[PDB]
Amino acid sequence: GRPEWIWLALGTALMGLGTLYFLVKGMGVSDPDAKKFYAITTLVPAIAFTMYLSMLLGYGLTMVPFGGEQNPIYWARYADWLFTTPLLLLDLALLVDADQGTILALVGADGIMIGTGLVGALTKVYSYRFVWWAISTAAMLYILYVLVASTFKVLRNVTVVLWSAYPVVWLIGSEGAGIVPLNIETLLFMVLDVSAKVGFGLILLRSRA
Amino acid sequence: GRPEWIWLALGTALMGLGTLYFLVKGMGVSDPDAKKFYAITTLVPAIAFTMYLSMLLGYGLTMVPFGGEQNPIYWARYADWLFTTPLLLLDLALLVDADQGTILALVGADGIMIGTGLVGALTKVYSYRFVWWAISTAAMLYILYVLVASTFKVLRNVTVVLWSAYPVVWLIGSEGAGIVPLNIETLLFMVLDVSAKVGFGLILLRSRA
Amino acid sequence: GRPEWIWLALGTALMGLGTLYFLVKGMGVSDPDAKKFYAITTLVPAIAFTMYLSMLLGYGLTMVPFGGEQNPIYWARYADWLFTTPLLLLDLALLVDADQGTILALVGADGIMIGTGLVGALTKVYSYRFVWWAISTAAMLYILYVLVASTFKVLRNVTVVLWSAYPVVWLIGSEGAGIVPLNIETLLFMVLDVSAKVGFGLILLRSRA
Ligand SMILES: *C/C=C(C)/C=C/C=C(C)/C=C/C1=C(C)CCCC1(C)C
Ligand SMILES: *C/C=C(C)/C=C/C=C(C)/C=C/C1=C(C)CCCC1(C)C
Ligand SMILES: *C/C=C(C)/C=C/C=C(C)/C=C/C1=C(C)CCCC1(C)C
Ligand SMILES: CCCCCCC
Ligand SMILES: CCCCCCC
Ligand SMILES: CCCCCCC
């Protein structure tokens, strides 16, 4: 129906598969610590799965009026990111044994980041979308700024790299400037999401930290 | 007005009453541990009270189009369950001193469970409602799978038993197949809710664990 | 456009400024404890900033039908208060080293307080708005009831005093009786909000507790 359906069906399948893989691997885990990393890392694609599926079916899609057009906005991504991004930071934070003080900074900057992104997404005055983008981007840079040694270091690098593309994709995509069509937009986010969650989780869960 | 009002007024009264009872009983509690069980167990009907009331008044009711009809859906139940179900699992988890790792699995599976139930409830393609039902049901079975010795054992049994009816009621009720009318549906959930919260709480709070 | 814009622009600027001040001051903080108070206290105006801005721009404003009129309701305040009020109680609670049991009572009573306030705000039957007001007010009195020695004592007093005006303002404002216009209403909340967050935070962060 919608040309981007194939990328949504595919992300659904890969988050679906990735969840099951992590579930099965986390069986045989007595370790308090590993228990924690496993619950976190399996929850991330499990949530992604549900929101890829809601997008695949018409549910996590709405039409937002701006620039003289009704524009198709996938709101379900923010509902995913709202929980999946703090869990990933929490994976990193527990890894290096961050202070409560620092987790709350990361987690709270993270909610502001995707909170303001959602507002950007649904804002009906074109110009103001970019104000909300700018604010969310500044909350992202705070997180990067704030962001065993070896796998943390690797995981942080992957994070810094993949997370940074998201505002770039949103900015040039249908949420922002409309220069890259929803189609390739949805592919781009698909590859990003699977790498930041299943990829990130493979790295983390097969590692000894 | 609506034939099911009497069951909503009644659940409101019983959650209202149950909250006050637990409040009054929790006075004279110096114990850190008991403090924790009391705050949890009193919060559960206090939230239920507000959502029984929002349903009683027209607020937590919307009309969802599917199957060629506009169908009356009580969305306020999910807003209740979203917080009340993790608190009940938390009562059980603290009881047996579960790992952080395991609480996060329970709590996160619980949010997916009622998260997907809400989507099921509001989904406008009849067939897809049942996909969302199936996913939520599978998250429920995970929780049951994951789920002093004596009161835990009793409390777990009550939980396993009453929680399992909910998807059955939803499936045959107005959310699903429309074979049991909203009326008796609302009665059924009423009895279930009061038993899983006030009943569960009586058992737990009068016990010595 | 809207006469109350000047108070929204102003609250935006002061929450904006207050956030930056606290950020800059929290640099050079190695202390686990102070780390915690700083993350909490900086998050509070950072969130307020975003919701003052959403209100300034048309976003956090909706029209609710009651009393034969469509009434302008600023829903974005509840989205602010939902997170900012538990963080402030958490500042107080950590200050005096409250039990987990007591934090959960405070935090959960706090969510019910602003939860029911939101319902009040959007309720389309005039009379019922005041039922929801009454319930939220009773959850507030519970919190006050439940609510180093010196700065706690000072901070508690400020809290008791400023928080208590909010239901008074809502009751006489456009949410309730419509006796005080939105204009002065927005000014009143503006002064209250800046005092309860930036004022409260100055007191707390310059203090040695
Ligand atoms: C699994 C999903 C991941 C790791 C997604 C991360 C998303 C972000 C870092 C999003 C950032 C955004 C901005 C900085 C502004 C524009 C809107 C967003 C939400 C795309
Ligand atoms: C106090 C309320 C309780 C304990 C409610 C528990 C509710 C559930 C276990 C609901 C489960 C559902 C499914 C498994 C799928 C269909 C939708 C739900 C949300 C009714
Ligand atoms: C920074 C913001 C603060 C401290 C706001 C606090 C708000 C309240 C204590 C609000 C209380 C309300 C009622 C008790 C009933 C009417 C609705 C509210 C939400 C204004
Ligand atoms: C949106 C993620 C924050 C939820 C935390 C409430 C304690
Ligand atoms: C919906 C229950 C989860 C809220 C947790 C955020 C930390
Ligand atoms: C609304 C504040 C509560 C979020 C807590 C979920 C654990």
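As the structure lists them, so they are numbered: ligands from 1, and atoms in each ligand from 1. Naming convention: chains lettered A, B, ... in sequence-line order (proteins, then strands); numbering from 1 in each chain.
Looking only at distances, no side-chain donor or acceptor of B:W170 sits under 3.5 Å from a matching main-chain atom of B:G176. For the pair B:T85 (side chain) and B:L82 (backbone), a donor-acceptor distance under 3.5 Å is absent.
Of the protein's heavy atoms, A:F83 CE2, 4.7 Å lies nearest to atom 3 (C) of ligand 5. B:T85 CG2, 3.7 Å is the protein heavy atom nearest to atom 6 (C) of ligand 2.
Interface of A:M113 with ligand 1, defined as ligand atoms under 4.0 Å from a residue heavy atom, comprises 8 (C), 9 (C). Atoms of ligand 1 lying under 4.0 Å from any heavy atom of A:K197, numbered from 1 in the order shown and given with element: 1 (C), 2 (C), 3 (C). Close contacts of ligand 1 with A:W163, meaning ligand atoms under 4.0 Å from a residue heavy atom, involve 4 (C), 9 (C). The ligand atoms of ligand 1 that sit less than 4.0 angstrom from a heavy atom of A:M140 are 9 (C), 11 (C), 14 (C). Interface of A:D193 with ligand 1, defined as ligand atoms under 4.0 Å from a residue heavy atom, comprises 1 (C), 2 (C). The contact set between ligand 5 and B:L82, taken as ligand atoms under 4.0 Å from a residue heavy atom, comprises 1 (C).
If you check each of B:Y166, B:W133, B:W170 against atom 7 (C) of ligand 2, the one with the closest non-hydrogen atom is B:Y166. Comparing B:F189, B:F83, B:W81, B:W132 by heavy-atom distance to atom 20 (C) of ligand 2, the nearest is B:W81. With B:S136, B:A48, B:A139 as candidates, the residue nearest to atom 15 (C) of ligand 2 on a non-hydrogen basis is B:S136.
For atom 5 (C) of ligand 5, no protein non-hydrogen atom is found at a distance below 4.0 Å.
Ligand 2 is never approached by B:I114 to a heavy-atom distance shorter than 4.0 Å.
Annotation for B:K124: atom NZ counts as buried by contact number, over 12 foreign heavy atoms lying within 6.0 Å. No more than 12 heavy atoms of other residues, nucleotides or ligands sit less than 6.0 Å from atom OH of A:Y128.
Here the straight-line distance linking atom CD1 of B:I114 with atom CZ of B:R77 works out to 13.0 Å at 0.5 Å rounding.
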- Step-by-step ring-ring contact (aromatic ring centres under 6.0 Å, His included) determination, A:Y59 to A:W75: CA-CA 9 Å; A:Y59 192 79; A:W75 66 261; 5.7 Å; yes
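For the residue pair B:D91/B:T41, the side-chain donor-acceptor check at 3.5 Å is satisfied.
Closest non-hydrogen pair, C:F49 versus A:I135, comes out as CE2-CD1, 4.2 Å.
With sequence neighbours excluded, the residues that form a ring-ring contact (aromatic ring centres under 6.0 Å, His included) with C:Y78 are C:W81.
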